[PDB]
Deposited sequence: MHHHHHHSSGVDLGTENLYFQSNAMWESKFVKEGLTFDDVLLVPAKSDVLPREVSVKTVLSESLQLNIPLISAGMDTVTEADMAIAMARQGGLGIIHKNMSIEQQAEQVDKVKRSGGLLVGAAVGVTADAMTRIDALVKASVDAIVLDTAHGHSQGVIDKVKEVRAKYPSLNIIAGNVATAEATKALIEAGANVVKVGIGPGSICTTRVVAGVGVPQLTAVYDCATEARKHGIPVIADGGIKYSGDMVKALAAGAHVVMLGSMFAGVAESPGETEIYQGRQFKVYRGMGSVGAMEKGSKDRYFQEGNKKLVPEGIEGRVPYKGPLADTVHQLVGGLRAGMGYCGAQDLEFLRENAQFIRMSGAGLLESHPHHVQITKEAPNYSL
């Protein structure tokens, strides 16, 4: 009755996020321009760069999805749209030179209907995107989609534990998306108290997925290009970015001047305005960054430099060999520029 070991273990676990750690440099024979950044998600899915633009109404529509795929990445068309209008976006990406494209779908009554229209437009992956991927409703929906479409790429999320990954994998998902609470615009951890520090979530989830040969997506909480290197080194095959893309020219929306420079709307899909309700995100603005190619060049540039530092010729080597070292707040403050007034902003550091 009172035997319960769960009571004494409540505060046992410990979690790390990007700003808690650094990558330990290692012997390198390979130059950053020489490393390989390709990644294989499935038999039918493979990215030249391990970057995906989030399926949010302020980040990824067709224009973003086309530019992402042209960079070697992938864009997830968001679902705050009609089924008719979302299938229309997917085809536009497909007829534009054989580009890859993904589309977001929820766990709803009309989900399979939406999925039917998406397969008709030749989408390469559907994203079964929910706030709590570790639920029977997601589980049953993955199983439902897999029975009708045995060869369709299914990305299921979001989860943050090894048990949740195993469940989604056994339900039929071929890619698992990791991240509960880390988002730049996300308040889930504050209003519900729920989450796992993102780097520990990647490691714990990839640890389980590794046993099934299934890739993991690190989704959210990435603020600099160095965070992407940590996430890939923590076990994930690919990262999903929201904030770092919302200011790019191809994302939906126009430019507005705020505090003298150009800005674009960036808001969570669980925010009040996006849902038009106890919300789990906010609405905001990120600086305008210009064309997507410039942001992607800096992102890949940081990944190439990071891989050079770790002697990792490809991302698999980085996943299996890279070591981290933990630091305190004083480590983080030493790691950023410090004790100097920054005069010009770098393409890398705002």
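A.B. asks: Taking the deposited sequence as numbered from 1, list the residue ranges that were left without C-alpha coordinates.
C.D. replies: Several stretches lack coordinates - namely 1-19, 296-309, 384, in sequence order.
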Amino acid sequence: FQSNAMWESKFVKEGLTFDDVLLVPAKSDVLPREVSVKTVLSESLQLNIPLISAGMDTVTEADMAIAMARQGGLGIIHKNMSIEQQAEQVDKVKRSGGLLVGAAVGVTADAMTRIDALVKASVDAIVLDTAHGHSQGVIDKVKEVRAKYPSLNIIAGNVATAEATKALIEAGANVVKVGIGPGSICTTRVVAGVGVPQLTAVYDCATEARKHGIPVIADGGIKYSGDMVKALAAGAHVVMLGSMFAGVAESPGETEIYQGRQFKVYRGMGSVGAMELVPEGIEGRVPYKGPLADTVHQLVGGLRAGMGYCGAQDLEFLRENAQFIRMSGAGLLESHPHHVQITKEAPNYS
From here on, numbers count along this sequence of modelled residues.
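Throughout, rigid core stands for the largest set of C-alpha atoms superposing within 1.5 Å between the two forms.
A.B. asks: Out of 184-192 and 144-152, which one drifts farther from the shown form in 8 other deposited structures of this protein in terms of CA positions, with the fit done on the rigid core?
C.D. replies: Result of the core-fitted comparison in 8 other deposited structures of this protein: 184-192 deviates more.
A.B. asks: When the other structures are laid on this one by the rigid core, do the CA atoms of 249-257 or of 109-117 sit farther away in 8 other deposited structures of this protein?
C.D. replies: So, of the two stretches, the farther one in 8 other deposited structures of this protein is 249-257.
A.B. asks: What stretch has the higher average Cα B-factor here, 34-42 or 297-305?
C.D. replies: Going by the record's values, the stretch with the higher mean is 34-42.
A.B. asks: Do the C-alpha atoms of 82-90 or of 212-220 have the higher average B factor in the entry?
C.D. replies: According to the entry, 82-90 carries the higher average C-alpha B-factor.
A.B. asks: Specify which of 234, 246, 240, 186 carries the largest Cα B factor in the deposited PDB entry.
C.D. replies: Comparing C-alpha B-factors across 234, 246, 240, 186, the top value belongs to 246.
A.B. asks: According to the Cα B-factor stored in this entry, which of the following is highest: 259, 158, 161, 225?
C.D. replies: Highest C-alpha B-factor among the listed residues goes to 259.
A.B. asks: Could you tell me which third, lowest, middle or highest, the C-alpha B-factor of residue 264 occupies within its chain?
C.D. replies: Middle third - that is where residue 264 ends up once the chain's C-alpha B-factors are sorted.
A.B. asks: Give the position of residue 339 by CA B-factor within its chain, expressed as the lowest, middle or highest third.
C.D. replies: Tercile = highest for this residue's CA B-factor.
A.B. asks: Is the Cα B-factor recorded for residue 153 in the lowest, middle or highest third of its chain?
C.D. replies: For residue 153, whose C-alpha B-factor we compare with every modelled residue in the chain, the answer is the middle third.
A.B. asks: Would you mind checking where the Cα B-factor of residue 70 ranks among the modelled residues of its chain, as the lowest, middle or highest third?
C.D. replies: For residue 70, the deposited C-alpha B-factor lands in the lowest third.
A.B. asks: What third of the chain, by the recorded C-alpha B-factor, contains residue 165?
C.D. replies: For residue 165, whose C-alpha B-factor we compare with every modelled residue in the chain, the answer is the lowest third.
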